[PDB]
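Here you get one chain, nothing else, as structure tokens; it is the form deposited in one PDB entry.
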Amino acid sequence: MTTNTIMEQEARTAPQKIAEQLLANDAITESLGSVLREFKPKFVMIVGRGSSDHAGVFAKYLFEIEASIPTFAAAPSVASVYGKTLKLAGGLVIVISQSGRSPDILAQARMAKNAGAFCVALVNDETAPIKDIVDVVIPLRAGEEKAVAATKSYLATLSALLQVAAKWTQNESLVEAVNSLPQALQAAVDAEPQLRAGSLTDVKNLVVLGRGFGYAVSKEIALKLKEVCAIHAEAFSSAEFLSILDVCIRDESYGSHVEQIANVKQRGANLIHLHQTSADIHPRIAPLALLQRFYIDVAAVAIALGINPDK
């Protein structure tokens, strides 16, 4: 099944919107890359919605693995409630916010600027006041965000992070990945569904397991299952997890992850597999392709469960 939901419409527009984003942002991210190689960030702090920031979890793996620089999420309360200014000299702060207007986001941006960090904002609204606080805005270019469950705007956030990472590190592999990204998303949209409602009928509790980048995207999957399908879903590391949805990314984590899933299957668990739509996709793009496929799939699961994913 396919659906006429706004959620699905936005999800299906992501590949083209991201192709346009990457082209339009190539110059600004290139220059930001030059700034970052000159500045030499000691760490990367992500400012958003705290530890519950899914983009921030993805960013941790991205910058730690590609740039070897420790990356972490800020705790909003430290700036807003406790009134602290941290010592962030020589650090890079990346603010992630679609609207660029929330008072807790603006307070954290101001504190980062006052602490001496070089400050970058990934924001969808280019006219937002965050632009007058931070050093540079990288526009997300996702267009109008009309659905209640975010799809394209999340993928656009990850594409911008990836492009920022490619330009900074100049890692050749990652540059090729970013160049292949729009076509890889389209291929994922055009592929056969990976998740079908039938697998979820009669499931009220669900554990989503992943490793590494797969863990980052499992958090996003668990959230959408709760938001759109009314299924109590929770994401865990397959390493730490001492009815299961297997987020199966083919990257360096695949081997250990697969073995953990084999363990849960042997210990008698009930498994639903989300495999990549292609077994030859670049590993750093694979998580985005899997989310791309899933966003389209979950609109149909909703409608199949009698839920209107747009309400």
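Note that residue numbering follows the sequence shown and begins at 1. Heads up, when I say rigid core I mean the largest set of C-alphas that superpose within 1.5 Å between the two forms.
Keep in mind that the form deposited in another entry is not shown, yet the notes after this line are about it.
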Shifts of 2 Å or more in the Cα, rigid core superposed between the shown form and the other one, apply to only one of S51, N270, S256, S34; name it. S51
Answer yes if the Cα of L305 shifts by 2 angstroms or more between the shown form and the other one on a rigid-core superposition, and no otherwise. yes
In the other form the CA atoms of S77 and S52, compared with here and shifted by at least 3 Å, lie farther
Explain in one word, closer or farther, how the Cα atoms of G50 and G91 are placed in the other form relative to this form, where the distance changes by 3 Å or more. farther
